[PDB]
Structures are given as structure tokens and as C-alpha cells.
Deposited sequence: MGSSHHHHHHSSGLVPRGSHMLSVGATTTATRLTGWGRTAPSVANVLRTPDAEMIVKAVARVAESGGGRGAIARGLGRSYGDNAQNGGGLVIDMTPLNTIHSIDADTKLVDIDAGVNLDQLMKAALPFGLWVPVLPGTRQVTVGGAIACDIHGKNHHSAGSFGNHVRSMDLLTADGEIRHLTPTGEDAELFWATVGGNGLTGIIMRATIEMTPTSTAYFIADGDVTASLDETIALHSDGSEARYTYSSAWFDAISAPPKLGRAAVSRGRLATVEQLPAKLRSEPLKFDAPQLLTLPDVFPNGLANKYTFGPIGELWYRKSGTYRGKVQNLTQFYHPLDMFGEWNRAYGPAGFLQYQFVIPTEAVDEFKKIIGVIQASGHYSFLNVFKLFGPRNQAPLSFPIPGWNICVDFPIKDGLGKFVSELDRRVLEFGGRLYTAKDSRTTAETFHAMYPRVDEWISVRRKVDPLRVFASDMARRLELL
């Protein structure tokens, strides 16, 4: 029934071997969880989606991994309630294509659509529109969770099961297997964006642009960010901001099918873009690259500037940098986003990199920030627990729901969440 398999995250690092169950039969999945539970836990089980997480959260060395990608049925779409009811293995590209004709838009879109609904929930993913829409968790109306007791719990965000529900959002699969979920989509009349572009010349100017009050005028906003230039050109950014377009905003040619599927000069106004236009590690790493993401609380703006400073001075040079100001956070104890300054950098693997990122960890930690489980397989339990003050609250919920540790992963063991 299972296939022993070498697994890594997307950046192809920290491999381990697991027995992979890959079946479209939900009953086989229930059986397998039950079997692990009846062996008393053993080395446990974790779910896997499309493997786009860079870390070790979707692998389980010496244990069971359940590939959820064959559970990919879209059960219902409702344009009045805006609700879609889909299997957890459904991916966002497939969902985008299916929902567009109903005038529905996937409410949170990350940098790639090759992620499953299960993975979107388990990592509580965020997008270019976080400051207006929150993260993926905010839009989950209900979900079916297969728990350690072999039963499938129906969870809602305010029901009796609220606590389990919000430990599951951002829970990295460690409360059980999300089988199915109901997501509230965003209404739209077109599949296009209308975007305003701006360029800055300094880190301070980037920050002022995000603090002047104009962010509140766009539903989506992110920026490419210079991390190699010494000050004051350090932290200059190419900012892409916008909102979904109405039909009467489209070029006349595109009005026939508005819901169709698919420095210096970079200043513009009312440019009309499809998703691809508006929006290396796997190809070259991990002989090549270490991806690194963190968020610093809004009020700690100067501490943020300094970390940026430390990065440019490091001698570790990242071209691919993405910056964004996160909005308010949600109820999930282990959710990554907090309101604040968020950035992803991609470092070439070079001598002294490990020691340098350990120093970064310390700084993000002291300044009240955190790393993202979706981008990590290197940090320590001590660092992670410190970055997530609600971790003991979350661990308690997990103990109530999985007393025998039927659910387990490489990440759970490394970060002592098991």
C-alpha cells in the first residue's frame, strides 16, 4: 500500500525517508491513520501536499507520509454564499480555474498556485493582499479534520471546536489530516488587476511610502527590494500596488471575457494586468541557496532598518528580495504573519552563511519578530519557541487532540512541537 521515498522540501535540503501512502480513497487514508494509532503512535504520520514548503514540515523520517494530492475533488461552488467546498488536495490553480466563471476569486494567493488547500491552511499562507484580506486561515468557513481517534471532526472558527480549528490553521499538519474544507471566496467581475507602480531610492523612502496612509487605498501591495547596495541606496524598492479591476475598467477588447483564466521607468498609473503580470532554489539549491523570511513588528521600524543594514554588510548577497507590510493578524496561535515589516531574502550558500543566519535569528527574535515554518529547516527549538509566545498554548491543544503523537514530522521533532 505504501512506497518508501526520499523526501525534501522545495529547496531540496534535509532529506529523510518515509513510507508514502498515495491513494484517492479517503477510506484508505482513514484506515492508515487508525493503523498508526493502533500501533500506539510509533513514528507517526503527517500529510503532504504539493511539497512547496521549503522546510521539513511535510516529511516524517522513518514514519508515514500521506500524499493528499489525489484527494482533489471540487464538491460544490456557490456564487451567492461565495463558498467553495473542496478536497484538501485541490490546488489553488485548479480552484482558480473552476471558480472564475462564477465570479469568485481565491481570497489569498501566494507566489505560486501550485499549493494545495491543505497546505494553504496548515501553513496559513499569506499573499500580496494580506493587509486587506488577512491570511488563508481568515477565509476558512469550515473544515473536516481526520484526528488521531480515526474520526473526522467538522470544525468551524467560532463553534465548540474553535480552539482545535485555530490550532489547525498554521498547525503544519500536526493536529491531523485536513480532508476537506469550505472556503469563502472573494467576489470579482474580472480576472485582471489595475496597478499603480512606484520606485523609491532609499530604505527610509520605502518605509515612508508604506506609512503615509496610501496602503489603505490598495487591496494588494508588495515590492522588490535592494539588499546589496550600501546606504542610502540600500532598501530602495520597486513597489507594485493595486486592486481587482471592474469590467468598465477593462480595455474594450478584454470586456468580452472579463473572467478569462490565466528603476525610474517603473512608475505608472492604472496599468491593467492579469495575474501573471501583476505577480531558482529548486533548480540550483541546496548546493546554491538558503531562503530566509522574517517579519518585524510595525513599531520596531528602526530595528528593522538595522537588520537590513546587517544583511547588506554581511557579504551575503541576495538579488531576489520581496518586501511587504503585513496587516493585522488572526487567532491562530502559530500563524506566521503579524502586522509589521516582512521580507524574503535568498542567500547563495557560502562559507559562514550558517553562522550569519544564526545571528539573524537572534536579532529577529530580540526585536519581537519571527521566522516562517514554510521557509525553514535549520532554526532551533529554542529560537522557534521564543519567536512564538503562544506555542505552549498551541502545544496544549495538540496534546488534547493527539495524546499518542500519531501525527509527527521532521519539523515537529526538530522544533520540539511533537
No C-alpha coordinates means not modelled. Give me those stretches of the deposited sequence in order. 1 to 26, 289 to 317, 335 to 342
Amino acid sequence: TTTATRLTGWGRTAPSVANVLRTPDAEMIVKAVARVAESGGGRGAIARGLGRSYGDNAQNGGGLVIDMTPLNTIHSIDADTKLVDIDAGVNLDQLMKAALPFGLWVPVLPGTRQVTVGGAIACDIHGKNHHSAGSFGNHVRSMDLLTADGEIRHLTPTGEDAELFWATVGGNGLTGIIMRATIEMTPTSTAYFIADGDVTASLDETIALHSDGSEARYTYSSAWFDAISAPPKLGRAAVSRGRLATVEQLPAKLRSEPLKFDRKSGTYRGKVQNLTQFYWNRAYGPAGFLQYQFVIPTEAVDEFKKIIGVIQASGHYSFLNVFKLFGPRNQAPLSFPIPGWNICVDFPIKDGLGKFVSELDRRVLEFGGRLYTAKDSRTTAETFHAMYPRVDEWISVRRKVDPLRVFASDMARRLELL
From here on, numbers count along this sequence of modelled residues.
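Heads up, when I say rigid core I mean the largest set of C-alphas that superpose within 1.5 Å between the two forms.
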With everything overlaid on the rigid core, name the stretch, 263 to 271 or 191 to 199, whose CA atoms wander farther on average in 4 other deposited structures of this protein. 263 to 271
Would you say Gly288 goes unmodelled in a third or more of the other compared entries? no
Which is higher on mean Cα B factor in this entry, 237 to 245 or 75 to 83? 237 to 245
For the stretches 130 to 138 and 193 to 201, which has the higher mean C-alpha B-factor as given in the deposited record? 193 to 201
Max C-alpha B-factor within the set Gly55, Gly42, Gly61, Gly51 falls on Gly42
When the CA B-factors of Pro107, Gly159, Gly170, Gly340 are compared as recorded in the entry, which is the largest? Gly159
Consider only the C-alpha atoms of the modelled residues in this chain, order them by B-factor as the entry records it, and name the third containing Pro70: lowest, middle or highest. lowest
When the deposited Cα B-factors of this chain's modelled residues are ordered and cut into thirds, is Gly11 in the lowest, the middle or the highest one? highest
Taking the entry's C-alpha B-factors for this chain, is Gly285 in the lowest, middle or highest third? highest
Can you work out whether the C-alpha temperature factor of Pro187 puts it in the lowest, middle or highest third of the chain? middle
Where does the C-alpha B-factor of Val364 rank in its chain, lowest, middle or highest third? middle
